[PDB]
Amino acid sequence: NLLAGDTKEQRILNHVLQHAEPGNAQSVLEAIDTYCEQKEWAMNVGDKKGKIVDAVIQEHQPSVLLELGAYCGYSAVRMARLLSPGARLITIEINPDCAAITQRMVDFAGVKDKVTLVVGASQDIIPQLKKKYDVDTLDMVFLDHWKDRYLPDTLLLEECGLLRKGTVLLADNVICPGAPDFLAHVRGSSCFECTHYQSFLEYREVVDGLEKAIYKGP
């Protein structure tokens, strides 16, 4: 049932629970995007950049996906709705209140079986993925957490043997606000082949973009 509606996050979940079709992931995405366009801005990847994320998944067909930063579960629902039977999205969220919302959002959208939500800091969890979460390597990683953590987490994923030839990294917000150290690293390194996707900041007319970086191997 409903939450108190004290926080933006509770009000976003409440709006979905009251105003979206249960079990319909598309209806859920639309309800979040409408509310956030109309009522309260929120840091979801949103519909325009969401379309780019969709395209990346459609092209590369990942089965093992990792997301860094879940928030209210918008991108988790967005990516999971596209996955084939037996695909797995692991999503990491440091804030326990946000994680609780994300699980409710995932369940409501009908994609619970595809999602493994992990409460904790990416730098603590990423070392554990192989041994604790039965990961071999990752097919795709969506980076959309604190932007100063894009670089250290990418290096950590590599250090932990989670990246293979062909692993797709996709990073939100490489323009607004930017993650220049990450961007310099992936573009400058022969270990990554990069593609830039210019777009717009969620719910705004501000220019933004994502970067796709395909790992070439060490």
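From 1 onward, residues are counted along the sequence shown. Between two forms, the rigid core is defined as the largest C-alpha subset superposing within 1.5 Å.
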In 7 other deposited structures of this protein, superposed by the rigid core, which stretch departs further from the shown form in CA positions, 196-204 or 18-26? 18-26
So which moves more in 7 other deposited structures of this protein by CA, 60-68 or 30-38, given a superposition on the core? 30-38
Segment of higher mean CA temperature factor, 66-74 or 174-182: 174-182
Determine, for stretches 158-166 and 34-42, which one has the higher mean CA B-factor as deposited. 34-42
Can you work out whether the C-alpha temperature factor of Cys191 puts it in the lowest, middle or highest third of the chain? highest
Third of chain Cα B-factors occupied by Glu93: lowest
Classify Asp54 as lowest, middle or highest third according to the C-alpha B-factor given in the PDB entry, relative to its own chain. middle
Looking at the C-alpha B-factor of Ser84, is it in the lowest, middle or highest third of its chain? highest
